[PDB]
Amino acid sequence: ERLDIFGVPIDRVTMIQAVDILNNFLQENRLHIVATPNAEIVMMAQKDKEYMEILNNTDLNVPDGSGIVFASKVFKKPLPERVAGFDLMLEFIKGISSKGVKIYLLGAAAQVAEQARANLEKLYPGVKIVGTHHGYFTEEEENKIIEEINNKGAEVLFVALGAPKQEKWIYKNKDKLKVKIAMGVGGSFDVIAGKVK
């Protein structure tokens, strides 16, 4: 059940339902692209044709913030509840930390993804974070990074490059990445590492 909020399909999910969908994606041997659009992303999509095509080709668009939920009141079946994409990422990580699911952290300025990894290992002990890399890489570094992601057998890839850059990166490389879930997480690395509020 999806809502066409100005071209952008938003899945009518609650935080519990969104986490169950991601856990089911881990059982399917194929790449699933996950996005968490907020009202600002919907406005960006209006001016960016490429981003709009990407948002209509993702496996799951979880709504982000109160804004998009307020705007959905125009529909016959509005969005069930306010869902924060940051909270979705931590709830998802909380569940798979005990199951030993391999995670890769790509994105943020130098050392932020290593600091986030350290903090995640303190919050959810047993989390398997197989690798990290900053999001200011060159094409030559990108080649080594995709090989590291695939060869380390990572199942979940969090891309912290900001929107639309993270979606555009995941989509450009969908045929190269051998992970089960690739999700754009924006500035969540700065928040987890403690760089930002």
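Residue numbers run from 1 along the displayed sequence.
As the entry records it, the average C-alpha temperature factor is higher for 125-133, out of 125-133 and 163-171. Among all modelled residues in its chain, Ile103 ranks in the middle third by Cα B-factor. In the deposited entry, the Cα temperature factor of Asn150 sits in the bottom third of values across the chain's modelled residues.
For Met15, the recorded CA temperature factor ranks within the highest third of the chain's modelled residues. The deposited CA B-factor of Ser66 belongs to the highest third of values across its chain.
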